[PDB]
C-alpha cells in the first residue's frame, strides 16, 4: 500500500467516495486516484514522489506550467498585504484594464469568484437585457436520465441543440422567435473532450442571434488565453455580445469574469436594473495579473501551438504504426484523443461512439509511463509553455509503447 492508497482509505471515512470532485475519484478510468504533493513546470509529483509529465494543467489554468516564478512572486508579495478586504482595490481596476486590452470585444467587465459564476451572470444579464426567458445551449457542453436533487421545472427554459449543427439551432429559434434571450457556446468544446467548431458554425450562430434578436455569449472559461491571446472568438473571427472568462485569468487560483458590449454591461446594477455572487479574490487577481502579463509577450502562442501540433503529429504517427485507430483534435494549446474508427470527431455522437474501455486501459498504461492525462474520455488535454521538445518526444514514445499493448 502506497501513500496515495493510504490517503484514499483515510479520505473514504470522512469524504463520500474519498474525493471532493467526483471526476478526481477516477470513476472515468477506475482504480485508486493519485494524491499530489507538488507540481513544477510540466511535471506533477505524487505523494510517493513519482514524477509525471502533466497534460491536465489543473484543468486549464496552468498555461505557463505549474509553479511559474512570476506568478509565485506576485502572490507571495500580495499575501503580505492581506488575503481579502471586502472592499475594492487598485488590482480590480488594473486587472479590468488588462483583460479589456487583451480581449478587445470587451468594452466593460466584471470579475467574479469562478468561471461558473461568470457564465451564470452572463446568462442572467442576457435574460434581463432582452426581457426573454429561453436560452440555447449545446449537448455535451457544461457551463456550470434525470438526476436526483433538482426539480423537473428547473430546465423548462433551456433549449438543447446539437454542437456543430446550425439546423438544430435554427429549428429552436423558429419554435421560439421572440423568446430566446441568448445562445451560450464553448467556441471549442472541452467538456465532451476537445471538439473544434466547423468553419461555418460560430459565424452561423452570430448570424442566427442577429436574425432573431438574441445575444451571443461565448464561454471562453477554458478556451480563453489557451486557443489564442484574444480568445477562440479571435481565432475563429466571431464577435460576441458577451464573453465569459476563467481559469488562466486566475493564474492557478479560482477567478471568473464576464464582459461584452458597453450597452449590454450598462444594464447591470447600480447603472441598470439587472442584479447578479462573490467578487474576485485579491491574491487570485494578483496571480492572474502576472500570468496575463507573461502570456501577452511576443511568440508565446506560436510556441504553444508548435508544442501542441508536434504532440498531435507524434501521437497520430505512433497510433498508425501500432494499428490503433485514433483521432486527434487540437487548436492552440488544447487537444483531444479519441479511440475511434471514424475519420473525424466533430460532434457529441462521434464522442459517444469512441472506445471508452480502450481509453481506460490507455490512461492506466500512460500513468505507468509517467504521463498524467485527464482521467476521462470526455475531457480535453492541455499543453503548457513549460513542456519541452524532450517532454513531448518522451510522451510520444510512451504512447507508442502503450498503443502496442492495446
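Numbering follows the first chain given and starts at 1.
Gap size, residue 90 back to residue 89 (deposited sequence, no coordinates): Nothing is missing between them.
Does the chain run continuously from residue 144 to residue 145, or are deposited residues unmodelled in between? Answer none, 1 to 3, 4 to 9, or 10 or more. Count of unmodelled residues in between: 10 or more.
Taking the mean of the C-alpha B-factors per stretch from the entry, tell me the winner out of 173-181 and 102-110. Mean B over CA atoms: larger for 173-181.
Which of 220-228 and 163-171 has higher mean CA B factor, as the PDB entry lists it: Taking the mean C-alpha B-factor of 163-171 and of 220-228, the larger value falls to 163-171.
Just grab whichever of 307, 192, 74, 136 has the top CA B-factor as deposited. Highest C-alpha B-factor among the listed options: 192.
316, 157, 247, 330, ranked by C-alpha B-factor: the highest one: By C-alpha B-factor in the record, 157 ranks first.
C-alpha B factor of residue 368, ranked within the chain: lowest, middle or highest third? Residue 368: CA B-factor falls in the middle third of its chain.
Once the chain's modelled residues are ordered by C-alpha B factor and cut into thirds, is residue 207 in the lowest, middle or highest one? For residue 207, the deposited C-alpha B-factor lands in the middle third.
Tell me, lowest, middle or highest third: where does the Cα B factor of residue 85 rank within its chain? For residue 85, the deposited C-alpha B-factor lands in the middle third.
Third assignment of residue 296 from its chain's C-alpha B-factors: Middle third of the chain for residue 296's C-alpha B-factor.
Chain-wide C-alpha B factor ranking for residue 53, given as lowest, middle or highest third: Answer is lowest: the recorded C-alpha B-factor places it there.
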